[PDB]
Amino acid sequence: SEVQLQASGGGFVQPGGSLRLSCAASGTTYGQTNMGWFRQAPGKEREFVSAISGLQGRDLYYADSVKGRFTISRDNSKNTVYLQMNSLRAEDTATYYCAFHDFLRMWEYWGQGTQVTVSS
Amino acid sequence: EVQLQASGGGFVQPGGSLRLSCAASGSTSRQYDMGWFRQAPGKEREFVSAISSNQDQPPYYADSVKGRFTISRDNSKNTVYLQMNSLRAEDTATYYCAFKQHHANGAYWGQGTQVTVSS
Ligand SMILES: C=C(C)[C@@H]1CCC(C)=C[C@H]1c1c(O)cc(CCCCC)cc1O
């Protein structure tokens, strides 16, 4: 019928801090594993942070602004994907949303947004 | 309601080039993604490329087309272009344009365009 995304993570850190987000897809996913995160910074257009597809992590995508600092990964034991956010910067402050890209339904499911605040 | 109109596509010899275009009209906000999917016989819709109205955002290419396809936007016209170079027989498929505002969960699905590369 519908997909459900259970997200975890978020917090308040200082510049250079580190946080991990997680997202677990369930429901009638039909085995699709097209996952990612987008963020919504105050006053900006949404920015798709990272995407991954397949059990083997093809079509790996990172926004330029997070390359080298963010890593998306899967642990297939859980159908859980993770976003490791290292060396966080002030401009990373945003609401972060896990996304599930449904290419049967042509539908982007969103997790519950989670605030990440990076400030001195 | 959003409506999509595609153009381009057809038959090419291997190593040849094609240009697809897709123009979104209507309720399209200014904040949206557009891109291309392709579907070969007996296969699912496969992601090809996408581009955002956010120009801090670099375009996204599937591994299977990186280096050969180039997506670009005419914000003027709410129209995106896919420059498909060095086409191989494996690129043969119905290619579909797709559109999704940034605020929406449901994408709009465009009308398919045959791309056949052969011999
Ligand atoms: C309209 C496109 C391309 C599709 C349509 C179908 C679905 C389920 C989602 C859309 C989509 C994005 O909306 C955004 C991305 C990632 C970022 C792209 C550009 C940086 C992938 C992505 O499949």
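Naming: A, B, ... by sequence-line order, numbering from 1 per chain.
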*Judged by modelled atom types alone, do B:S53 and A:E45 share a side-chain donor-acceptor pair under 3.5 Å?*
yes
*Same cluster for B:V80 and A:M106 if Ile/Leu/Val/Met/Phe/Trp/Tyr side chains link at under 4.5 Å?*
no
*asked:* With clusters defined by side-chain heavy atoms of hydrophobic residues (ILVMFWY) lying less than 4.5 Å apart, directly or transitively, does B:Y61 cluster with A:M35?
replied: no
*Side chain from CB out, backbone as N, CA, C, O: work out which of these in A:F103 comes under 4.5 Å of a heavy atom of chain B, or both, or neither.*
both
_Count I, L, V, M, F, W, Y as connected when their side-chain heavy atoms are under 4.5 Å apart, and connections chain through other members. Are B:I51 and A:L60 then in the same cluster?_
no
_Which residues in residues 88-99 of chain B have any heavy atom closer than 4.5 Å to a heavy atom of chain A?_
none
*Separation between CZ of A:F48 and CG of B:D33, rounded to the nearest 0.5 Å*: 8.0 Å
*Spell out the residues in residues 49-57 of chain A that have some non-hydrogen atom less than 4.5 Å away from a non-hydrogen atom of chain B, in order of number; otherwise answer 'none'.*
A:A51
What side-chain donor-acceptor pairs closer than 3.5 Å can you find for residues 5-19 of chain B, not counting sequence neighbours?
{"residue": "B:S7", "atom": "OG", "partner": "B:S21", "partner atom": "OG", "Å": "3.1"}
{"residue": "B:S17", "atom": "OG", "partner": "B:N85", "partner atom": "OD1", "Å": "3.3"}
{"residue": "B:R19", "atom": "NH1", "partner": "B:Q83", "partner atom": "OE1", "Å": "3.1"}

_So, taking the atom named NZ in A:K44 and the one named CG in B:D56, what distance separates them when rounded to the nearest 0.5 Å?_
6.5 Å
*Spell out the residues in residues 103-115 of chain B that have some non-hydrogen atom less than 4.5 Å away from a non-hydrogen atom of chain A, in order of number; otherwise answer 'none'.*
B:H103, B:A104, B:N105, B:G106, B:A107, B:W109
*B:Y60 and ring-ring contact (aromatic ring centres under 6.0 Å, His included): which partner among A:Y62, A:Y61, A:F38?*
A:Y61
_Quick check for you: among B:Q57, B:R45, B:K100, B:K66, which has the greatest number of heavy-atom pairs under 4.5 Å with chain A?_
B:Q57
_Connected via hydrophobic side-chain network under 4.5 Å: A:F70 and A:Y82_ = no
*Between B:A62 and A:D59, which heavy-atom pair has the shortest distance, and what is it?*
CA-OD1, 3.3 Å
